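Before any questions on binding or motion, here is one chain by itself as structure tokens, the form deposited in one PDB entry.
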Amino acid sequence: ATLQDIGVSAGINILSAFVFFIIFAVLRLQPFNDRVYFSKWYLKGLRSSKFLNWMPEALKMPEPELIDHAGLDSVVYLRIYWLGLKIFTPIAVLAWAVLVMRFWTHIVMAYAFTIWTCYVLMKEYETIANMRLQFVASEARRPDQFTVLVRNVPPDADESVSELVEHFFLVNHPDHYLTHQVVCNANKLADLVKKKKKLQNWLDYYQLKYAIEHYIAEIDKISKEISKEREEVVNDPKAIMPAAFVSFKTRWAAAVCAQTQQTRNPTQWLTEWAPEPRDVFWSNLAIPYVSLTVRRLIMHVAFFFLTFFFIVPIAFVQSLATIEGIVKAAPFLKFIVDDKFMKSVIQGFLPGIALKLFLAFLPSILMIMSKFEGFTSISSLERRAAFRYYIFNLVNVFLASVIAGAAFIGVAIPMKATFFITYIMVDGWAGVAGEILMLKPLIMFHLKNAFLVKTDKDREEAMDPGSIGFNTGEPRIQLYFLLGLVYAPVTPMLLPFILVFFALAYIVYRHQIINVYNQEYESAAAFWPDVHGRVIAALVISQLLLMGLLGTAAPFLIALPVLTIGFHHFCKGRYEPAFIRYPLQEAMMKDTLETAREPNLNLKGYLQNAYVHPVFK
């Protein structure tokens, strides 16, 4: 597109966001929608049954109160938008002042940008590590603090899994072993129970609307299957997996077990910290450990094909980069593209929206792939989906658009700065502004109340706001960071568009974190090292792309990637341990203080029925 298309599109995206905020201001004041817009307060139990003033209110809660109110993962996520402003605001300013002889100017700027970015990341990594350590030290007792998950318990002809686990731990951790719970494959039973719930909803639907005999018959048949299955899963030795949740008397002991190799064969008796019981992805505990290697290989191949085939939708969007491509793809638009105003509106918004729609189901696919791979916790599944999404964006959204563009790399990049700018305004600015309306929950909330509610108690189930969406949010931020770092030395006018995005997204999400979103698991910012690593990868990619465009002076261009990686290793050595190792001293302090505070705690009673598959509880 051209400058006037950027101008027209910006005018429209600004006005559109403004309108969404007006609609929001109206909907949030209608009392029948409080259960949707203030869901967090209902979940906490703190709430009973101009127009942009919500912005200042979102900013009034101190970060420490937000950590206790919303959780640490929610706060650390939000700080990523803040990181974006810290990294790019001075880049946008210096790039403008200096770049808007030339060969060397570009090299110097590349160093200035890399150093600033690394400096900011170093400071952020230190900050997050300190928040994590304090958060964990003050964290309330929870079963995972004492529990490790043992995988690949070797077989024995005579002894059961339970006997092997009890014996191993009494012998090798004799002072602290307390109790264990063996993993059971109850996937069939769990599916029958979920199916029964769906059938029950249909029966309740038809009863409120009054087919009744049909749904009753399905309920009785499934109830019989459930009863039969409960007997078989409980007394069937093949339902027992060679895995167990092992609990210890102290946190110190659990830390020792979780952080050390137990046997001489490094692939057996594998120990890791257990997920909090609500963070356990129970279905994947039924996957035999040894199959995980093959499953990951298959998904790497499936990912290749997904990335490969998706090139076609990208090429389509790039065809639409010109007005001729637009009318050829959509001939019905010819009558309105002679008009200068509409030509700019369509040229701006159409390829932006088309790409956004094609990518709409991408995170569902990636989450399915992640589940196939066998991860056993919700937090791990979201981190892997974020990983794959990031790679996908690097190849299909960024490089493929640039290459396809040239088909319709050095020169190819500057030619697409405009495309990425209109994309950011549609996906970024208008995108987050519409998210605050949160239309999907309003619609589902009202449909449930209208047809699936028999009692007011059901209205507390209709209220499921979801969560921040680490797996769909983090990859968007990272794409914009990459575009910023790539375009900053060549087309600096891109940067103000990402700065508006980071600022707007920060205020919109801070609002949603406080009033709307729940948190499904608390990983205490365990994801931070991945966020850090992705930024480092983005710096390296930008530096290599610059070599191609600028040209090769090679020792300067080569040193940038080397120095950037050396920085990364410094940080892994110095800050990463706050996320991947649990100091024995810290474990001992919690144990000491807890004992003094609660001298009569029955720890075994507390932990004994934790980690029992919910279908049995």
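So that the term is clear: the rigid core is the largest set of C-alpha atoms that superpose within 1.5 Å between two forms. Numbers follow the displayed sequence, beginning with 1.
The form deposited in another entry exists for this protein as well; it is not shown, and the discussion that follows is about that form.
Chemist: Among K123, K334, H300, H167, whose C-alpha is off by 2 Å or more between the shown form and the other one on a rigid-core fit?
Modeler: Single residue meeting the criterion: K334.
Chemist: Determine, after fitting the two forms on their core, whether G533 shows a C-alpha shift of 2 Å or more between the shown form and the other one.
Modeler: Comparing the forms between the shown form and the other one, which are aligned on their rigid core, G533 does not shift its C-alpha by 2 Å or more.
Chemist: C-alpha of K343: shift of 2 angstroms or more between the shown form and the other one, rigid core aligned?
Modeler: Shift at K343: 2 Å or more after core fit.
Chemist: Tell me, please, whether between the shown form and the other one the C-alpha of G325 is shifted by 2 Å or more, with the rigid core used for superposition.
Modeler: Indeed, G325 is displaced by 2 Å or more.
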